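Novice: My questions all concern the structure below.
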Amino acid sequence: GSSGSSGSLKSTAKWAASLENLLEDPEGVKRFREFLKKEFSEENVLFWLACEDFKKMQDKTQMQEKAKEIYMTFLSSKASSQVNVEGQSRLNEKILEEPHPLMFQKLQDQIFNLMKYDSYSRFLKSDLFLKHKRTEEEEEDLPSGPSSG
């Protein structure tokens, strides 16, 4: 019987399992960001998150705006923060013409994999995460090793 807010539950495990678990969770995003912000790369999660929210709204009017808004954010030339990708420049002011949850849906897919091995990968082997993973549970002094069968 736990009332109030979740947290005591093993979080690291979730984030470690799949990046999604970290993004969906508030704690994960809070930390993950800090790690990125360091090299001023967080902009990646800032654009990725939007992608979803956009399709979520499920509104034409609202979309009409958010569309160009986000586009003029990172999908712009004078974009102070341009995410890392292979070539998502294929889009253009036109992509804004008809707003749809498919314009970003894809752009978000690639970015996901990028951080999955770009940032995520590190996040795990990073102190920001480890620290918690350690303080969470002490080490074992038993001869018990990787059975592997």
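To be explicit about the labels: the chains of the structure tokens are called A, B, and onward in the order shown, and within each one the residues are counted from 1, while ligands get numbers from 1 in the order they are shown.
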If you run DSSP on the backbone, which residues of segment 24-93 of chain A are helix (DSSP H, G or I), as a VMD selection string?
Specialist: chain A and resid 24 26 to 39 43 to 57 60 to 71 88 to 90 93
Novice: Skip residue 68 of chain A itself and residues of its chain fewer than 5 positions away, then list as a PyMOL selection string all residues within 12 Å of it, counting only C-alpha atoms.
Specialist: chain A and resi 54+61-63+73-76+91-100+103-104
Novice: Quote the spacing between atom CA of residue 102 of chain A and atom CA of residue 55 of chain A in Å to one decimal place.
Specialist: 7.8 Å
Novice: Return the single residue from A:85, A:119, A:18, A:112 that is closest to residue 37 of chain A, with distances computed using only C-alpha atoms.
Specialist: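 Residue with the minimum atom-to-atom distance to residue 37 of chain A: A:119.
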Novice: Could you check the closest approach to residue 109 of chain A for each of A:141, A:20, A:65, A:59 and tell me which residue wins, using only C-alpha atoms?
Specialist: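 The closest residue to residue 109 of chain A is A:20.
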Novice: Which residue is closest to residue 105 of chain A? Choose from A:144, A:86, A:16, A:49 and count only C-alpha atoms.
Specialist: A:49
Novice: Show which residues sit within 9 Å of residue 124 of chain A, as a ChimeraX atom specification. Count only C-alpha atoms, and ignore same-chain residues fewer than 4 positions away.
Specialist: /A:12,15-16,119-120,128-130
Novice: Write the residues you've just listed into a file as a PDB file, in the first residue's frame, and include C-alpha atoms for each of them.
Specialist:
ATOM      1  CA  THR A  12      17.528   2.255 -12.633  1.00  0.00           C
ATOM      2  CA  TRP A  15      15.876   2.943 -17.521  1.00  0.00           C
ATOM      3  CA  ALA A  16      18.522   0.263 -18.054  1.00  0.00           C
ATOM      4  CA  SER A 119      23.690   9.172 -25.313  1.00  0.00           C
ATOM      5  CA  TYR A 120      21.639   6.377 -23.747  1.00  0.00           C
ATOM      6  CA  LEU A 128      24.675  10.077 -13.315  1.00  0.00           C
ATOM      7  CA  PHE A 129      23.056   6.641 -13.508  1.00  0.00           C
ATOM      8  CA  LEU A 130      25.648   4.340 -11.941  1.00  0.00           C
TER       9      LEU A 130
END
